[PDB]
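Notes follow the structure.
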4 protein chains.
Amino acid sequence: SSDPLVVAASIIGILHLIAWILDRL
Amino acid sequence: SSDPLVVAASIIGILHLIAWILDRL
Amino acid sequence: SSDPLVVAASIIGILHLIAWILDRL
Amino acid sequence: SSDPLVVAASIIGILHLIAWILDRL
Ligand SMILES: N[C@]12C[C@H]3C[C@H](C[C@H](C3)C1)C2
C-alpha cells in the first residue's frame, strides 16, 4: 500500500549506502 | 505543502538508488 | 532538537541526490 | 526494535551524504 511502499524505498537506500561505506573501508 | 515536499524529496532519493543498484548488477 | 535534526539530515540527502541526477542528465 | 532500526538506517544515509559533499567541496 501507499504506506508500506515508502518504507520499502527507504530500506533500499540504506542497503545502497552500506555497500558504499564497505567499499570506502 | 511542508508535509508533501518532504515525501517528494524521499521519492527522488529512492529513484537515484535504484539506478545505482541497476548499474552495479 | 532530536526531532528537527532528523529532518535536517533528510534535506541534505535530497540535495545530494538532486546534484547527482543533474550530472547524469 | 522495528522502530529504532529504521532510524539507524537513516543516520547512516546522512553520514554517507556528508562525506560525499565534503569531497565535492
Ligand atoms: N528518509 C530517508 C529517505 C532517503 C533514504 C534514507 C536517507 C534519506 C534519503 C532520508 C532515509
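Convention: chains lettered A, B, ... in C-alpha cells order; per-chain residue numbering from 1; ligands numbered from 1 as shown.
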Protein and nucleic acid residues within 10 Å of ligand 1 (only C-alpha atoms and all ligand atoms) as JSON, numbers by chain: {"A": [6, 7, 9, 10, 11, 12, 13, 14, 15, 16, 17], "B": [6, 7, 8, 9, 10, 11, 12, 13, 14, 15, 16, 17], "C": [6, 7, 8, 9, 10, 11, 12, 13, 14, 15, 16, 17], "D": [6, 7, 8, 9, 10, 11, 12, 13, 14, 15, 16, 17]}
Least-squares Cα fit of chain C to chain B, output as a tab-separated table (two decimals) with C-alpha atoms, in the first residue's frame:
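And here's superposed_1.tsv as it stands now:
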chain	number	residue	atom	x	y	z
C	1	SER	CA	2.99	21.99	1.36
C	2	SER	CA	5.67	21.43	4.06
C	3	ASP	CA	4.49	17.81	4.56
C	4	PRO	CA	4.18	16.76	0.78
C	5	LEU	CA	7.59	18.31	-0.15
C	6	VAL	CA	9.46	16.06	2.37
C	7	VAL	CA	7.84	12.94	0.79
C	8	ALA	CA	8.70	14.24	-2.74
C	9	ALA	CA	12.42	14.54	-1.81
C	10	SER	CA	12.37	10.98	-0.38
C	11	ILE	CA	10.92	9.54	-3.67
C	12	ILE	CA	13.76	11.17	-5.63
C	13	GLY	CA	16.36	9.50	-3.30
C	14	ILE	CA	14.82	6.06	-3.90
C	15	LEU	CA	14.85	6.51	-7.74
C	16	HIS	CA	18.54	7.57	-7.63
C	17	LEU	CA	19.46	4.49	-5.50
C	18	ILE	CA	17.52	2.14	-7.87
C	19	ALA	CA	19.55	3.42	-10.86
C	20	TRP	CA	22.85	2.85	-8.99
C	21	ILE	CA	21.84	-0.74	-7.98
C	22	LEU	CA	20.92	-1.47	-11.66
C	23	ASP	CA	24.38	-0.23	-12.78
C	24	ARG	CA	26.18	-2.43	-10.18
C	25	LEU	CA	24.18	-5.50	-11.35
